[PDB]
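Enquirer: fold the following, please.
(4 chains, ligands or ions: 27)
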There are 4 protein chains.
Amino acid sequence: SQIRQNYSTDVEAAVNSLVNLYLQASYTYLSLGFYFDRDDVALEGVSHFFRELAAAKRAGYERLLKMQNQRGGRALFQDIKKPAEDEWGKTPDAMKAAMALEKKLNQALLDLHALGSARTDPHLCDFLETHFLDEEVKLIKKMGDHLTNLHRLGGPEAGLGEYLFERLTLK
Amino acid sequence: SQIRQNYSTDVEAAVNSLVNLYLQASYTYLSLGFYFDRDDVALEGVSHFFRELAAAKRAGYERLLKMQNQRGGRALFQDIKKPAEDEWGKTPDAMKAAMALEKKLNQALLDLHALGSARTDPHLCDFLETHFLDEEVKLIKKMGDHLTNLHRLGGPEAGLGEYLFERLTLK
Amino acid sequence: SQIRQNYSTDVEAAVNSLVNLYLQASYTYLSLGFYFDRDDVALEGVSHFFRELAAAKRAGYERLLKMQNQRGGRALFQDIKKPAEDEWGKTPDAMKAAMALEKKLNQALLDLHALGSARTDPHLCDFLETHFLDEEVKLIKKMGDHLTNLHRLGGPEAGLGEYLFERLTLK
Amino acid sequence: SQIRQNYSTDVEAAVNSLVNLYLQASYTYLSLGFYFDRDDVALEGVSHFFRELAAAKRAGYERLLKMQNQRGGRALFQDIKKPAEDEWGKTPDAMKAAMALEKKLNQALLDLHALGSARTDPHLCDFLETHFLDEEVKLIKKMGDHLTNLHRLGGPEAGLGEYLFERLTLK
Ligand SMILES: [Fe+3]
Ligand SMILES: [Fe+3]
Ligand SMILES: [Fe+3]
Ligand SMILES: [Fe+3]
Ligand SMILES: [Fe+3]
Ligand SMILES: [Fe+3]
Ligand SMILES: [Fe+3]
Ligand SMILES: [Fe+3]
Ligand SMILES: [Fe+3]
Ligand SMILES: [Fe+3]
Ligand SMILES: [Fe+3]
Ligand SMILES: [Fe+3]
Ligand SMILES: [Fe+3]
Ligand SMILES: [Fe+3]
Ligand SMILES: [Fe+3]
Ligand SMILES: [Fe+3]
Ligand SMILES: [Fe+3]
Ligand SMILES: [Fe+3]
Ligand SMILES: [Fe+3]
Ligand SMILES: [Fe+3]
Ligand SMILES: [Fe+3]
Ligand SMILES: [Fe+3]
Ligand SMILES: [Fe+3]
Ligand SMILES: [O]
Ligand SMILES: [O]
Ligand SMILES: [O]
Ligand SMILES: [O]
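Expert: Numbering: from 1, shown residues only, chains lettered A, B, ... in the order given. Ligands and ions are numbered 1, 2, ... in the order given. Below you will find the coordinate block:
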């Protein structure tokens, strides 16, 4: 590559790997999105929440692909694994799955930062610092807040809580 | 008729028949509308919902009458049967009646499409495809969503649920 | 399902199947998009062309998923197969791959129309007629036009042709 | 210095050194700029391209000088070495020289980041991360793209290619 400079084969491959992780996460959010739109689930605000995350994850992998090209890396794509579940339960269940997915993505981001730090690749580090790490932190905080409000609305009268949360918190 | 072309006597009569079905459905929604406006029912958003459907069904039969005239058919009107009930219960009860009415109208629409398909009348088919079939599908989906939200708000604390639904879902 | 009416299990499954085909096609266009953005390919207009198709295919599968929910179907997702190639050659090569992909999607659409026609499901038929069939036809015509212009610009001085086409035809 | 804090003598001197490298690079781009404006070269778009880089490099050294003052460093200036060539050849030749210059500047930037990292000077690191590293990466990618398009337009009919590139790619 005529442009490649300070860009290790390890980062390149880990970038390709993080791309597939974002594709898979996007896919997961697509599935949660349509799930909450089913006539027998029917929580429009929950559906919108997960649809937006699909979109947000797609921006993530598009930005990783662009950075790959900018550094002189070559994108390689693998199969995208189907989401882990077909039916996602109630809002708390789905929100817990989403939290778990975001934590996995955040760990992959931190591992990639550690890697690029180890290959003294400050561009790669900064790129993640600027476009990824704070967004995960904000999003995780938000999902925690949601879980706290669902838990407070939970238990005995869970059905009413789920309705109120979708109406009064989600948009 | 100087304009009539490819327009079978069967379609013509089935169109007249579907007209009476829309008139009757409009009538049913009129009754549900005023029902939820009674001082002892007093669910303004439910009332508005059913009033709008009366209006929507009237547009339906007006469009069938116009198409009848355009194809060279002759409108014939029968008595409009009074609605099946005088008192409509709670929101879930009424919403179930509405669902059942929409399913009946949808089946009549599908039967008329089958008929016009059998008389190779593609205008009649397309007319239904364009002005009726998707609207039934959207409306049925919406009524399902509503039923799911009422069910979730149901049971022990049904009175509160009925209030919240009318306030936070219906407009 | 409380809303499902005239919606066969076969259509439902074929809809799920067409969804995976759109996901895979979207994926293919993603790959072609970044391919033409590589510093050693560097055909920005070709890149934009394929990026737009990724987006267009995503709208396709989102509309199929929405229709699935509207009819009372249940979405089921499988693994998304990686694109058939890692390197896509020159503009004519990639444009031929795209043509071949669009023809496959069009055949799947026509097969699904045949199926829904056979289950007398006029909603499903019309939905495809309105949101899919004409768009494939226009797009295929466009890809043919492109292939004709690349062929005319081809052979001995292929490198110059590829440059001019990207600059003067693609946007 | 009454303001100096965490600012090593090594960084200070390496900053002065990077300044002279930017001055020299600016000078190189000045020379390429006027070169392509000669009546016997006459490639206005190539001239503009290199003139802009002169300007961009000047912003670079001005920002390094400002940072020097902000940290309590003292600017020291040396002679600015004349550009390596008097005549710059064809667009591909000049674009290769520019690529080689940008790679040298990028390596100097990376070496200075390594240095400030080694003196645990996170301000210096971030400053480079924010104002320099991504700009080099974007610019190098752009110069690669250009080289790919010139190469595609190259060889037998190089004169025509050079004309088209200047007219249809450069602004
Ligand atoms: Fe939102
Ligand atoms: Fe399951
Ligand atoms: Fe708020
Ligand atoms: Fe929002
Ligand atoms: Fe929004
Ligand atoms: Fe309304
Ligand atoms: Fe009664
Ligand atoms: Fe149509
Ligand atoms: Fe048709
Ligand atoms: Fe709403
Ligand atoms: Fe309204
Ligand atoms: Fe209204
Ligand atoms: Fe376009
Ligand atoms: Fe390959
Ligand atoms: Fe049609
Ligand atoms: Fe044109
Ligand atoms: Fe466009
Ligand atoms: Fe565009
Ligand atoms: Fe410029
Ligand atoms: Fe010379
Ligand atoms: Fe451009
Ligand atoms: Fe400009
Ligand atoms: Fe300019
Ligand atoms: O939103
Ligand atoms: O409404
Ligand atoms: O475009
Ligand atoms: O420019």
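Enquirer: residue A:31: what's it in contact with?
Expert: For residue A:31, the contact set (CB atoms under 8 Å, 6 or more residues apart in numbering or on different chains) comprises A:83, A:85, A:86, A:88, C:75, C:77. Heads up, the C-betas are built off the backbone N, CA and C, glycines and all.
Enquirer: okay if I get the residues you listed as CSV plus secondary structure, distance to residue D:136 and neighbour count?
Expert: Shown next, in CSV, are the contacts of residue A:31 (DSSP: H, G, I helix; E, B strand; the rest coil; distance: CB to CB, whole Å; neighbours: other CB atoms under 10 Å in any protein chain shown):
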residue, secondary structure, distance to residue D:136, neighbour count
A:83, coil, 40, 19
A:85, coil, 45, 14
A:86, coil, 47, 12
A:88, coil, 45, 23
C:75, coil, 46, 22
C:77, coil, 42, 20
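Enquirer: which one is residue A:3 nearest to, not counting chain neighbours?
Expert: Leaving aside its sequence neighbours, residue A:3 sits nearest to residue D:144 (CB to CB, 6 or more residues apart in numbering or on different chains; 4.0 Å).
Enquirer: pretty sure the one you found contacts residue C:42?
Expert: Yes: with contacts counted by CB atoms under 8 Å, residue D:144 reaches residue C:42, the gap being 7.2 Å.
Enquirer: returning to that earlier point: quick check, nearest of the contacts of residue A:31 to ligand 15?
Expert: Distance to ligand 15, by CB to the ion, is smallest for residue C:75 among the contacts of residue A:31, at 25.2 Å.
Enquirer: pretty sure that closest one sits against residue C:18.
Expert: No: at 11.5 Å, residue C:75 does not count as touching residue C:18 under the criterion of CB under 8 Å.
Enquirer: export the contacts of residue A:31 to a markdown table and append columns for distance to ligand 20.
Expert: What follows is those, written out as a markdown table (distance: CB to the ion, whole Å):
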| residue | distance to ligand 20 |
| --- | --- |
| A:83 | 63 |
| A:85 | 69 |
| A:86 | 70 |
| A:88 | 70 |
| C:75 | 68 |
| C:77 | 64 |
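Enquirer: helix or strand for whichever residue of chain A sits closest to ligand 26, which one?
Expert: Of chain A, the residue with the smallest distance to ligand 26, taken as CB to the nearest ligand atom, is residue A:62 at 16.5 Å. Applying DSSP states H and E as the criterion places residue A:62 in helix A:44-71.
Enquirer: buried ones in that helix?
Expert: For helix A:44-71, a neighbour-count test (16 or more other CB atoms under 10 Å in any protein chain shown) marks A:44, A:46-51, A:53-54, A:57-58, A:60-62, A:64-65, A:67-71 as buried.
Enquirer: can you tell me the element the residue in chain A positioned nearest to ligand 15 falls in?
Expert: Relative to ligand 15, the nearest point of chain A is residue A:39 (25.4 Å; CB to the ion). Using DSSP H and E, residue A:39 falls within no helix or strand.
Enquirer: what is the burial count for the residue nearest to it when sequence neighbours are not counted?
Expert: The shortest distance from residue A:39 to any non-neighbouring residue, by CB to CB, 6+ apart, is to residue B:144 (3.5 Å). Close neighbours of residue B:144, defined as other CB atoms under 10 Å in any protein chain shown, add up to 23.
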